[PDB]
Amino acid sequence: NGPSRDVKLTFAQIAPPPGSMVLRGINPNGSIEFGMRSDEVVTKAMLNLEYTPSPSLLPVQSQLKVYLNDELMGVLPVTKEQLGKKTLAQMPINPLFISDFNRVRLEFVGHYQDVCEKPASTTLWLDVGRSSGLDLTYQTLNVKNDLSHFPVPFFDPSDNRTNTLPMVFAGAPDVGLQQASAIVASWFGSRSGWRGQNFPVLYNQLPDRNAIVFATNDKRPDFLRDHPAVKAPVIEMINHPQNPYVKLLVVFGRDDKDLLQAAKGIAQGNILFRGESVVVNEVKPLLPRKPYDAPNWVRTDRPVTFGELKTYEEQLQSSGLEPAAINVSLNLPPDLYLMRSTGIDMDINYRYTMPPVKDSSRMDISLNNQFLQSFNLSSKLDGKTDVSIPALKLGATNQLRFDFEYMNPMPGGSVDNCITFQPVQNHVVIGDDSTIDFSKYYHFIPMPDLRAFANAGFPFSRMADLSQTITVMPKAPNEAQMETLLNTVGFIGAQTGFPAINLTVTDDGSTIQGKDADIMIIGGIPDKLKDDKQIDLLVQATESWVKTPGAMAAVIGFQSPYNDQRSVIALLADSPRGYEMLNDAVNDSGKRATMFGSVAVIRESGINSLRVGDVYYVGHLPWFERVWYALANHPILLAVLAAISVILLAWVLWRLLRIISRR
């Protein structure tokens, strides 16, 4: 037996509630995409359809095929009495061909006239209902308990849903255990990517999921008893003592240092986990990380050529009668200075198939579903394309999708004589020689803002490995403080492409005096003031603490009075219920992006965002070129400065004239 999940997914083709997709004679293919977890087995597959055929098609000579993976298992011909009203459709699918990946697509073949039919006509059309999709039930399988498939039993990069793995601790962690948990949590985030993370911690209890257990040979979580003492950090894959269906991950050691060493090995040496009970003895770094070298972010040392931006094999080309929209996902750091009116040029060298005659076909480059510019598609077949695309996103993932719109050439040809021909298809490819320029750009941005932090985590992800980062926690943190820390570092790890293994966590504010690093505030300050006046009072309340040493959830960020070059970030609450709603506010991207300014108070109903305090700037741009931007805004003042220089020239000329006369 075992637990089973009954998932329900609709057609992969876009179908907004305003209007569902229609299978016409020009595009009769509708594909459904799903993936397996490499651990579940399909027990019962069911497919439901609600189709309404037009009454202008022959019943017998019109059918639709159902494909699971390049094969058919049944057809559903339309009867004479079915052409008018809607009817349900039940089609079982044999669960034998579902190994790891399937493309369930349906094709429509129909006929409306015998002696002469016109392809891609309007009189024939098919549409499906809203509730039309596969109904397959998964089933948990007994894994062979092998550690070589890391991290497949914990996180398989094949699901479209967010993961949720708890991290049970030994109870009341200390200064030497929090940092190791952050390192492991961050490495999951660097692998989670856009799927999202959720890390609910526990204490002295074991859940019914694939959790992770931490032990230091002392104060074991009341189920690791009778285990002999270990002389080395041992990582096992023991199962749940009550049911052998979930897989845990215990980490052993002798003290705080031992567990930290084991955690670093997991996040770095993931390619040599063999068998079971893998031990690590010596893992040390050799070289630091160059600034702004996150794998997800595009590098600026030399212009890239879409070589590492493919992240797929058959993405830069399309085929078939209707070519698909080729898209490229790119992320850029938010440090690119604005107010330059320059843009980013392109060097696209796409090649296509020669059309027969001048069909006036056009190709348009779209950006975030917005029309930008269209070109011609005739070469009497390779065309150089240079364009500076404005209006980027600067922090969020912005796509550069563009499609190839082709009209049917010679639809009927002759009207008096019936002509029938097979539909001809064509291919298209963009090429890997197209480059974009990021050679010499300067880093400059107003620092006291949370939009950059909420989109890319700039105030903390300056270094890929987080060489300088200071986090403070109250003594003996409860579930809330650990829960909000693990998600936050995972958010930083998710945006970047390298786990944070060099960060540190302290327990008091005495060690941060004079330190040149990234100060981060997590926990709770005295919260007693009324709801009316948190806009201004909280500004000095947190500042007074940094210098020396129906719930509320406020995130703030201001200048750190230690270096005048780094930003502090503070997360405050009053009740554990506040932490839970604060985490839910940042986990989802639906409303988290709607957060700008310094102070962002989280309320039960809505989010009130405002900007207060004195702003400042970050980065190191040439001071000589700074005046160029300042003089740009002041047009009248620039003329006055030139006039003053010209007026002073006359005084020098008068003195020169007197000197010339005396000469």
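- Its PDB header names cryo-EM as the technique used to obtain the model and reports a resolution of 4.2 Å.

1. Let's talk about helix α4 (residues 479-495)
Phase 1 of the analysis: If you check α4, its first and last C-alpha atoms are 25 Å apart, about what 17 residues at 1.5 Å a residue would give, namely 24 Å.
Phase 2 of the analysis: With 15 of 17 residues buried, α4 is to be regarded as a mostly interior element.
Phase 3 of the analysis: Where α4 begins, the side chain of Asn 478 points an oxygen toward the backbone nitrogen of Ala 480, at a separation of 2.9 Å.

2. Some points on the packing of helix α1 (residues 178-192) against helix α2 (residues 256-268)
Working note: a packed helix pair is described by the angle between its axes plus the distance between those axes.
Phase 1 of the analysis: Close contact between α1 and α2 brings their axes to 9 Å; oriented N to C, the two are set at 10°. Classified by the angle between their axes, α1 and α2 sit roughly parallel to one another. Where α1 approaches α2, its residues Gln 179, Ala 180, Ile 183, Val 184 and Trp 187 are matched on the opposing element by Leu 259, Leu 260, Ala 263, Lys 264, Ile 266 and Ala 267.
Phase 2 of the analysis: Of the residues belonging to the contact of α1 with α2, the class tally is nine nonpolar, one polar and one charged.

3. Structural notes on unusual backbone geometry
Phase 1 of the analysis: Backbone torsion omega between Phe 150 and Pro 151 reads 0°, so that peptide bond is classified as cis.
Phase 2 of the analysis: The residue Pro 151 is located in the loop between β9 (134-137) and β10 (167-169) in this model.
Phase 3 of the analysis: Here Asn 369, not a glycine, exhibits a phi torsion of approximately 55°, which is positive.
Phase 4 of the analysis: Along the chain, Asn 369 turns up in the loop between β18 (362-366) and β19 (371-376).
Phase 5 of the analysis: Residue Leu 394 is not a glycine yet carries a positive backbone phi of 60°.
Phase 6 of the analysis: Its location among the elements puts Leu 394 in the loop between β19 and β20 (398-399).
Phase 7 of the analysis: Since its relative accessible area comes to 25%, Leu 394 is described here as partly exposed.

Cut-offs and rules
Residues numbered from 1 in each chain as written, not as in the entry; some residues may be left out. Heavy atoms only, no water. Residues with missing side-chain atoms left out of burial classes, pairs and counts. Helix = DSSP H or I, 4+ residues; strand = E, 2+ residues; numbered from the N terminus. Expected span 1.5 Å × (residues − 1). Buried < 20%, exposed > 50% of the residue type's maximum accessible area, 1.4 Å probe, protein only. Polar contact = N/O pair within 3.5 Å; in protein donor to acceptor, adjacent residues only side chain to side chain. Axes fitted to C-alpha atoms, helices over the stretch in contact; angles between N-to-C directions. Parallel < 35°, antiparallel > 145°, perpendicular 65-115°, else oblique. Contact = heavy atoms within 4.5 Å. Nonpolar A, V, L, I, M, F, W, Y, C, P; charged D, E, K, R; others polar.

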